[PDB]
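Numbers here are sequence positions counted from 1.
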Amino acid sequence: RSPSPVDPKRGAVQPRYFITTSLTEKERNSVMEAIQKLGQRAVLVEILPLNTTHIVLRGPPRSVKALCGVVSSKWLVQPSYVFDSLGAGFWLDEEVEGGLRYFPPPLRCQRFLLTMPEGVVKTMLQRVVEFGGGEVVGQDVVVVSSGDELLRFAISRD
């Protein structure tokens, strides 16, 4: 988060399709109202809607939707990205605002060995791996014992 206070860097003038994840109802409604107020080709719109480009979340990626965004090259931005852009009068540059985007998709065509017992956590991680174009092994493998390990792998590629 480092825009210039004089001439803050403008983001590209193009459609932005926002969803939110794991926000409180109050913060979600505030984010929605700000997106609608700023406009300028942004819209608040499967695990992710097929038209998703941006995911608003508070804090680091933790939910299934946030992890699917990490591995499918969506922008992951804090609520401040929306409120700061409304304050500037235009959509700010996502990277200057501290937004996260991992390109190309970091799990694509990679094989993952989930060294954990069966359960909802394993199931969710298999869904994330597949959402990112990877394969879960049922040798060139990435061993994962936690979602944190998969996340740290996904953000450290290229």
Visitor: Mind checking whether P3 and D93 have side chains closer than 4.5 Å, heavy atoms only?
Guide: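 With C-beta onward as the side chain, the pair stays apart.
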
Visitor: With ring pair (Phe, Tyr, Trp, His ring centres under 6.0 Å) as the rule and sequence neighbours excluded, what pairs involving residues 91-146 come up?
Guide: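 Non-adjacent pairs meeting ring pair (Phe, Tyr, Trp, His ring centres under 6.0 Å): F18-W91, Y81-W91, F112-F153.
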
Visitor: Do you reckon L48 sits in the same ILVMFWY cluster as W75, going by side-chain contacts under 4.5 Å, direct or chained?
Guide: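 Shared cluster, no.
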
Visitor: Does any pair with a residue in residues 23-47 pass salt bridge (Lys or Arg N to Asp or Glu O under 4.0 Å), and if so which ones, sequence neighbours excluded?
Guide: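 Counting only pairs at least two positions apart or across chains, the salt bridge (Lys or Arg N to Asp or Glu O under 4.0 Å) contacts touching residues 23-47 are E27-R58.
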
Visitor: Quick one: does any side-chain atom of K9 pair with a main-chain N or O of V96 as donor and acceptor, under 3.5 Å?
Guide: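 Answer holds: no.
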
Visitor: So, using side-chain hydrogen bond (donor to acceptor under 3.5 Å, both in side chains) as the criterion, who are the partners of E130 when residues are at least two apart?
Guide: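 Expected list: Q126.
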
Visitor: Do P105 and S73 make a side-chain contact, defined as non-hydrogen atoms from C-beta onward lying under 4.5 Å apart?
Guide: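 Touching, per the 4.5 Å side-chain cut-off.
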
Visitor: Find the distance between CG (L57) and NZ (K65) and round it off to the nearest 0.5 Å.
Guide: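 Those atoms lie 12.0 Å apart.
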
Visitor: Considering residues at least two apart in sequence or located in another chain, which fulfil the salt bridge (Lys or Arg N to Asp or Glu O under 4.0 Å) criterion with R1?
Guide: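 If we apply the salt bridge (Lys or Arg N to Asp or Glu O under 4.0 Å) test to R1, skipping adjacent residues, the hits are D84.
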
Visitor: Might you point out which heavy atoms bring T21 and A66 nearest each other, and give the distance in Å?
Guide: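 Minimum heavy-atom contact is CG2-CB, 4.2 Å.
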
Visitor: State the CG-CD1 distance between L100 and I55, to the nearest 0.5 angstrom.
Guide: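 Nearest 0.5 Å value for the CG-CD1 distance: 11.0 Å.
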
Visitor: Identify each donor-acceptor pair in which a side-chain atom of residues 137-145 lies under 3.5 Å from a protein atom, sequence neighbours left out, and give them as a table.
Guide:
residue: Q139; atom: OE1; partner: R111; partner atom: NH1; Å: 2.9
residue: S145; atom: OG; partner: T115; partner atom: O; Å: 3.4
residue: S145; atom: OG; partner: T115; partner atom: OG1; Å: 2.7

Visitor: Run the side-chain contact (heavy atoms from CB on, under 4.5 Å) test against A34 and tell me which residues pass, sequence neighbours left out.
Guide: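 In terms of side-chain contact (heavy atoms from CB on, under 4.5 Å), with neighbours along the sequence ignored, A34 is linked to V82, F83, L86.
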
Visitor: For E118, does the CD atom sit with more than 12 other heavy atoms under 6.0 Å from it, leaving out its own atoms?
Guide: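 For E118, atom CD is not crowded (no more than 12 foreign heavy atoms under 6.0 Å).
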
Visitor: Answer yes or no: is there a side-chain heavy-atom contact under 4.5 Å between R62 and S22?
Guide: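 Sidechains of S22 and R62: no contact.
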
Visitor: Find out if a path of hydrophobic residues (ILVMFWY) with successive side-chain heavy-atom gaps under 4.5 Å connects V77 to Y17.
Guide: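 No.
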
Visitor: Does CD in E95 sit with more than 12 non-hydrogen atoms of other residues, nucleotides or ligands closer than 6.0 Å?
Guide: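 No, not enclosed.
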
